[PDB]
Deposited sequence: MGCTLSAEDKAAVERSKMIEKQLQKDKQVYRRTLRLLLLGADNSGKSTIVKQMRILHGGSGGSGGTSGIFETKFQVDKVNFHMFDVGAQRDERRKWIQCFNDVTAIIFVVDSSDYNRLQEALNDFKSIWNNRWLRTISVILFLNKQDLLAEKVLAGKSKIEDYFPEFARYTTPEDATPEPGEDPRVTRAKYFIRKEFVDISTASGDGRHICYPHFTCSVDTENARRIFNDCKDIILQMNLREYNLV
C-alpha cells in the first residue's frame, strides 16, 4: 500500500465503524407490515398508537417500525419482517369474503411462509351494535353460521350478549380455519378483537411479537 492507499483504507474502516453503529439500531428495532382494506380502519389504529407511511413507536424500551401501505411484486421487500399486522372490519359482512380471500393470499404467499400474522378484527364495538340491531343477518352471507355453536372454551367479556359472542367467534373461526389449513407451524396467526379507540392495541402487538420472537429462539435451540 502507498501513502494514499493506507489513507483510503482508513476511510473505508471508518465507514465500517459507522455501519456497525447503524447495525445495532437495526436489530433492536422490530419491523411490522400493516395490511388491510380501505375501510379496515388501519389508519386509525396506527394514528392512535402515536407511498409507504412508516410509523415508529417504542413500547417497553423496544422500538417498533410499522410500514403502512395503502401486490405480488412489492411484497417481496417485506420478507424478513417480524410480523404482518392484517386488519379487517368485521362489521361489514359483505366484504368479509373479500377479506378472507385477501387473507388467504397473504397466508399462502410464497414469500410469507415464515412470517407470523397478528390478525386484527377491528371495530368490535361497531360489530356488537350490528348484531344487537338484527337488521342484517350473517347467515345470508355465510350459510354455515346457522349450524355454528359457541364453544364452551369461549371467554366473553362481562356484560356481553351471548348472541354477539356466537357471531364474533364465528368470524374469528373463519380466519383461524385458514391459518390451520397449511403452514405446519412455520408461522402462527394471532387473532385479536380490537377497536379503533382501544388504547391497548400497542401492547397486543408487543406481547404477540414477544411470542413470535420467543418461538424463533425455541426453533434454534431445538434444532428444528
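Unmodelled regions of the deposited chain sequence (numbering from residue 1, in sequence order): 1-4, 55-67, 88-92.
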